[PDB]
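Visitor: Quick note, the sequences are listed as chains B, X and U, same order. Just so you know, the first sequence maps onto residues 9 to 98, 127 to 154, 161 to 187 in the UniProt record's numbering. Just so you know, the second sequence maps onto residues 19 to 418, 426 to 988 in the UniProt record's numbering. Just so you know, the third sequence maps onto residues 585 to 597, 609 to 923, 945 to 992, 1013 to 1056, 1073 to 1106 in the UniProt record's numbering.
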Amino acid sequence: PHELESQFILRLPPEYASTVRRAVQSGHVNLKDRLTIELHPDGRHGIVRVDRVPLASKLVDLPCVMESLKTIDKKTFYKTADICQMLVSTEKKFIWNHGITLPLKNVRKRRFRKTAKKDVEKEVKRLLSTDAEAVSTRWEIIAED
Amino acid sequence: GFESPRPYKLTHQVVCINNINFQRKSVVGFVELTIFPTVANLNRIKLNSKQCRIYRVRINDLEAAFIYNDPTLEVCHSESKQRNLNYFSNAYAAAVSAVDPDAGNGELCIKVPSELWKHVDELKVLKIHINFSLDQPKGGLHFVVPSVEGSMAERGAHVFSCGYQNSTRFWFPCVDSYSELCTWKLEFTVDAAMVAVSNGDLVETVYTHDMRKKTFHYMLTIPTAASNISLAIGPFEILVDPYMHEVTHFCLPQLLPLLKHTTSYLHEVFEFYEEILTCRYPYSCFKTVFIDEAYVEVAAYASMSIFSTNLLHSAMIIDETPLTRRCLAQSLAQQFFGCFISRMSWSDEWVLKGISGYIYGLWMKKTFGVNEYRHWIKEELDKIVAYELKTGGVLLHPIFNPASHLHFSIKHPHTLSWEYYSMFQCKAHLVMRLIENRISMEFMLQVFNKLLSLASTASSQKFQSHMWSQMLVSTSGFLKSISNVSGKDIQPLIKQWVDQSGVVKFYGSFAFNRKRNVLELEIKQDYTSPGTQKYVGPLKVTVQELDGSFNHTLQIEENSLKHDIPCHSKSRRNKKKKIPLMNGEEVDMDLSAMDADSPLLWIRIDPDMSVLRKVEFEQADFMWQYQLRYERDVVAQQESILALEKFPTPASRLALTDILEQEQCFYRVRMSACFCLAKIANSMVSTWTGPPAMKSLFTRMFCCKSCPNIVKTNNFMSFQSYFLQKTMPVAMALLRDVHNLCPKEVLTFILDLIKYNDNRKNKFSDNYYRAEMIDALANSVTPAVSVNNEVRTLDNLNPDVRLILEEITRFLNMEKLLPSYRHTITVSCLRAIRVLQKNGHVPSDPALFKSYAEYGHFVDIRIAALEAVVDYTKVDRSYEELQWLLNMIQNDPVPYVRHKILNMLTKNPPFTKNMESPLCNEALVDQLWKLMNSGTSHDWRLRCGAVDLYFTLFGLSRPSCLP
Amino acid sequence: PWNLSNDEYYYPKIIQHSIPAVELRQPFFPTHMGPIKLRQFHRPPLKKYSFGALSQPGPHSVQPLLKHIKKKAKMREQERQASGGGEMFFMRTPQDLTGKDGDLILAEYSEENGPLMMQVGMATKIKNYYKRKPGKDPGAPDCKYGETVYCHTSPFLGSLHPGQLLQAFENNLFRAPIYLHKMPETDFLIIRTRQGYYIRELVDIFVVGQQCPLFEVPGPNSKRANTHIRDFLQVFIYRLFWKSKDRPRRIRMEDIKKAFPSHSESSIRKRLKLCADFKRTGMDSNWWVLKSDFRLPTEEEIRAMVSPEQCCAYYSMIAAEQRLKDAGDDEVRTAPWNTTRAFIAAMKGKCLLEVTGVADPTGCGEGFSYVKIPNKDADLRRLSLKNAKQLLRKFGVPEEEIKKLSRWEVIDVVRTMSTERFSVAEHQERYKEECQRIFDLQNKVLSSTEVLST
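1) Would you say the beta carbon of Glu75 (chain B) comes nearer than 7 Å to a heavy atom of the ligand ATP?
2) Starting from the Cα of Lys728 (chain U), find the closest Cα among U:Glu796, U:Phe831, U:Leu760 and give me that residue.
3) Is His764 (chain X) near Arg817 (chain X), with beta carbons less than 8 Å apart?
4) Anything in chain X within Cβ reach of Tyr595 (chain U), meaning under 8 Å, just list it in chain order.
5) What in chain B is Cβ-close to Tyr909 (chain U), meaning under 7 Å?
6) Could you check what DSSP says for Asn102 (chain X) in three-state terms: helix, strand or coil?
7) Classify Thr88 (chain B) as buried or exposed, calling it buried when 16 or more other Cβ atoms lie within 10 Å of its own Cβ.
8) Does the region 73 to 83 of chain X come into contact with the region 145 to 155 of chain X, if we say contact requires no fewer than three beta-carbon pairs (one atom in each stretch) closer than 8 Å?
9) In three-state DSSP terms, what is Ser853 (chain X)?
10) Which first and last residues belong to the alpha helix (DSSP H) in which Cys701 (chain X) is found?
11) Between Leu380 (chain X) and the rest of its own chain, which residues show a CB-CB distance below 7 Å, the 5 nearest in sequence each way excluded?
12) Measuring only between beta-carbons, confirm whether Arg687 (chain U) sits less than 8 Å from chain X.
13) Under the assumption that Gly372 (chain X) contacts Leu588 (chain U) (Cβ atoms under 8 Å), give the Cβ distance between them as a whole number of angstroms.
14) The beta strand (DSSP E) with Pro71 (chain B) in it runs from where to where?
15) Name, please, each residue of chain X whose Cβ falls closer than 8 Å to the Cβ of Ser678 (chain U).
16) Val974 (chain U) by DSSP, collapsed to three states: which one?
17) Identify which residue in U:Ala914, U:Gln806, U:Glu618 has its Cα closest to the Cα of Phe751 (chain U).
18) According to the Cβ coordinates, are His437 (chain X) and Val114 (chain X) closer than 8 Å?
19) What residues of chain X sit near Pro585 (chain U), judged by a beta carbon separation below 8 Å?
20) Does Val49 (chain X) come out as helix, strand or coil in the three-state DSSP assignment?
21) Could you tell me which of X:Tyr552, X:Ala121, X:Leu944 sits nearest to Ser363 (chain X), measuring between CA atoms?
22) Got a sec: which bits of the region 644 to 675 of chain U sit with their beta carbon under 7 Å from any beta carbon on chain X, in order along the chain?
23) If you draw a straight line from the alpha carbon of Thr955 (chain U) to that of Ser481 (chain X), how long is it in whole angstroms?
24) Does the region 242 to 262 of chain X come within contact of the region 429 to 445 of chain X, defined as at least 3 CB pairs closer than 8 Å?
25) Short check: CB of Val568 (chain X) to CB of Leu653 (chain X), under 8 Å?
26) Please identify, using Cβ separations under 8 Å, the residues of the region 617 to 641 of chain U that lie next to chain B, in order along the chain.
27) Give me the DSSP bridge partner(s) of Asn723 (chain U).
28) So if I threshold CB-CB distances at 7 Å, which residues from the region 56 to 68 of chain B count as touching chain U?
29) Against chain X, with Cβ distances strictly below 8 Å, would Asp691 (chain U) count as a contact?
30) Closer than 8 Å, CB to CB, is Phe889 (chain U) near chain X or not?
31) For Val771 (chain X), report the span of its alpha helix (DSSP H) as first-last.
32) Using alpha carbons as the reference points, say which of U:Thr1055, U:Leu1021, U:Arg1051, U:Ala871 lies closest to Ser1042 (chain U).
33) Please classify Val922 (chain X): does DSSP put it in a helix, a strand, or coil?
34) Quick one: what does DSSP say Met757 (chain X) is sitting in, helix, strand or coil?
35) Report yes if the C-beta distance between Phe288 (chain X) and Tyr299 (chain X) is below 8 Å; otherwise report no.
36) Which residues mark the beginning and the end of the beta strand (DSSP E) in which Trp627 (chain X) is found?
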């Protein structure tokens, strides 16, 4: 079978980004030994090791949706993957408010319509489970107390 | 991948021609080939040669021994008593396959000398120097030598290479296949007052030491086949094209102004073919030669085209400008895709013929309009479905018999019937239009550009065919290039319309369900006829309802019969609103004839002609009248005209009369509505109210306002009312009175059109209009009432026919003093005299037509007179006229006339196989078997015509009228 | 000798997705999306692998693909020049749709949840609309990506200024104005697979404005919705029959129950009714075999059954269904079936849209809202104008109303005072000018390389 490739964006500190960029544009397999990216079983934490120097990483959710588009003639572009995550290196904390481009900054706060979001259904399912495992349930919409 | 059937590879060929003697009809020359053996122990080398006397052959300047035998000279033995045609077709196919250069074979077998075997095993070059002589060639290269005295340039004598396909073996020894590409060096030593035109570019022209002859040196660095090499030697008037400067036009003497006017359009054809494809013209020059007594009307070779002089017209000649224009266009299309990109086998010929015909149709679309394109495509599709339902079918791309339903073998081009060859090219370009329908036109032009670009990168290498075979296209390479540019493969469409050899027949009938508001179509196929096949794909249908025009796709599987499609509202009958058409416009329709319960105005099954089909739809007559009036498609207007002949109601007369009065209708629809109105008028006699049909309309459109019976003086500058004016009395003469005689109101009208004709004021000639007037006079002739077989004498001359006979006598005699264009009035008057002889008016005597058929009247006069003699010998069962025609087939100077006599005697045969006739002797069977076997051995087109004539007369089995 | 075809009376006046996309492969086009997968619609989280090289935690060496990118580009150029040099179709395999090769750009969206959105494997084009200047113009400012087209009639709601080039994504789903921005300096793109991490740089990132929908999202329980539901199931069943290796071709029911688990098995039974028979009997004991008279449809017929854009419209509908369901009439108006119907009806000229409203995806004055709006005394007769003029002067009515002398309004004003513009061109012109001003401001803000403070 075929499994859709999973592309994400890696953000590095600027000096380490310059060393990684120089090693990528060089093209040797020396870069393969130098740059590493550990992923922890939290799923939202990691180490990226540049030249064997550990950096602390967080995998965050991006507010917009990006799409990688490949081309052979620079006139027709074929969509290859959807990017929604970034492993910035240096829950609410794992959500990034800004977008990658310069015009998109504070997009989630300002350029996004506040569609109501409810996560919340899981808590309701847990409440239903505590209900079904009980015997007698008493409920009242309340006031200030 | 191309692997040669020959064990050698030919690199270069020198063709030198000396001593072209016009009095003795003789050439002398040599040929030097440069072959590289690909297999060791080559021993024999097999070359192609017909009619050339081979004097000596030297291989690497060592004397070699050759043996010549041609099995196609006498196909079957003289002492075999077989007389069936299947035996001759198998023996003729085996004989042509025994001289085939597409196998390893050939007619001249040269033995390599012994001391060169150590030169041939380790594969090194061999230079073969044959020198030959054509003593008096029959159909090799045509010598046209007139019998005026003077020098050969002063009398107008010329030579040209004639023939079709691989017929270059007829004038020098070669490897006469389309797959043996080599570079060429061509020298011709001609008279000092003559010019030698050939393929390549002329590098120099040196004089001889007496300065009485000069040698033309041509060089061809683009590797072409031997079959694309031509020659035209004559006293030609040279004209350089004032727009494109590598293009030279050669004509016969005294025809330079006609050449200037005729070949003035060709730069636009060049510009079109170089902008739809993106390759420039591949050869370094282009030469158009106009000659007399041509083989075909247009032949295309490498960097050269040979047309007949009968295409040359002046500025005041209309009705000939589009025909000559499209002959030039298809010669240029074959320059691109028959001569530069060549054929890999005899299969994959459909690819080249289809690309040539398809890009020529694109030229016709841009030049003459989309409506003329649709009319041309419909007439080609009708021609094909008529031929394939008549006899078997045309099989593009056979696999090697694959087609055993037809009396010849399709393995070689020189065994094909000529009608099969014509329908082959026709079906190839329609299947290419179908491939454009599946894969869009810009991808199609990208396919063609990809083929041309591979060929032009191939054309500049020097490697001897390591890369020169990229100039040869195949079917698999064409389909692979299509799959490369588009990502779709057309293998179901290729499997249906190429590999399978059939057309489809559709019988449709509808019913409108008022309750559920649906349209229940009923489409059934006739797949048990001999020419037909079963269609299982999708099918487009276009329904015009009151809410507009909607397209539907139907899936017509084998077990399918009823297709329910949905219908829209009828709220444009509640309010008067305009009904929107197939295009963006909308019109006011008179909805009084429409049914109250159905919204649908007309239905068209397969409107875009996306299959090779014949549709028989059963609409109601008001739907055909609405489709004639308000449709924006010319093929639907034509098919509604064709279907209105079965409904002679006065609403259909009003529909056709409104079509005839309507400018902004396409003119070829109105020209059809004339004949449809004539047929409808003949069918509703004893109901017709006023004057005869189209007469008041003719006086309203083309006559004076103050005088109705005097026609206006001729001004032919509109070109659509000219065609309608010259076609309306021809249809008006088919009117018939309750007594079955043409009325004296229409005959008098035609005679007044003839008398009051004044042409001193238009800038165009009158020959076609006057010729159509003679055709209208010939249409009015009804059969005479002979009593007791009374001899046709002055007393029983009809009072109607005496006026007609006086007019055609005046016209023919005035043509003898002031001749027209194409002797068009001679052809029309000979045709009218044959019409008067076919009825009992003029005595049935063929001596007039036999004097006009004598080698000397216009080739057009000659073929009209020979058509009259063929019709006479069919009706009067004349033995001596049939022997006259068969003798004229055997020894006539013009081979086109011989082919045309065989063609006309096949189309209008003196007897068929079912008839008992007095002309079914053993003597006639022996004459026609001798004409198939020997006698026609020099042309390859007379032999297939003799096979067609023997099939038409005696059938595929043993001639019955024999011991 | 001329045209002679009366053509002006008879005739008075594209997107190719990848072969995985037009064949509706399940990885790219999912058969079923649950609630937690509908909340994460087009925002797929970073999944942890169970088997593979990245499933074992620790330093995972990231890899350069530079040699891979230029090797694949050189190989594709060799393929194109071997096929005649024209334009070719390359995306024929799922492995063509990787991010490891080709020239990638990024495309960010301004709205949170758009009405339509492309699946993985689908194609789109970049069109540069350029309105020439009045009279002489130098030529379209040239742009790195897309093809240029000269638009007299603005595709979008506003109209282009003279000499203004606007790039846009154009496909079958929507058409939306895009704005090229340069990437941030420290941002690189990590493509993780099961085997390892790979890194590209990015240099071009577009910002996509408010989409103009060209396809109508169906509503829930609509006829078009249920048609797609059963057509998609039929296409999946046909492609499972094509994949079957036994002759005659046979499938299992719980493969379809794994793909479509929300479907009642009665619906699946009916889709198998026509074209298959449960061969309970010994012959293929208990097998859903294909009927011998049934001709399984060819690949192009199965492609003509369901289109990928219909699948994107269905996915938009069910994602919006989930978001509305989770959030307990204003929200219902912002549902994509309503907004797509409103915009397509406005483009035919059926109705107009209130451009300021609650369907506004920004939540401020920027951006449009696509919801449908309506397309469209006794002695005062003896006043005889002159005395009514003097009365209007006496009451203190301003001199403009006294001046017009058009009493149509004068006596109506003397009546109003004693009690105390054409929509045809007017409303349409006002809407167009407001839209143009909003569009220009939005374009400058959304094209500014100016840094924005956190």
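For every residue, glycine included, the Cβ atom is placed at its ideal position computed from N, Cα and C.
Guide: Judging by the given coordinates:
1) Within the structure as shown, the ligand ATP is missing, as the structure has no ligands at all.
2) U:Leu760
3) For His764 (chain X) and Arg817 (chain X), no; Cβs fall outside 8 Å.
4) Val388, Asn608, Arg657
5) Under the 7 Å cutoff, chain B gives no residues; its nearest Cβ is about 18 Å from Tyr909 (chain U).
6) coil
7) buried
8) yes
9) helix
10) 692 to 708
11) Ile294
12) yes
13) Contact doesn't hold; Cβ gap of about 28 Å is too wide.
14) 61 to 79
15) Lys475, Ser506, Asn509, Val510
16) coil
17) U:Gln806
18) yes
19) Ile336, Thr339, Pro340, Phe744
20) strand
21) X:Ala121
22) none
23) 56 Å
24) no
25) no
26) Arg620, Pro622, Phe623, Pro630, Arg634, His637, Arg638, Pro639, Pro640, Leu641
27) U:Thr743, U:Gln762
28) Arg57, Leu67
29) no
30) no
31) Judged by DSSP secondary structure, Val771 (chain X) falls within the alpha helix (DSSP H) whose first and last residues are 769 to 780.
32) It is U:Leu1021 whose Cα lies nearest to the Cα of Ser1042 (chain U).
33) helix
34) helix
35) yes
36) 625 to 630
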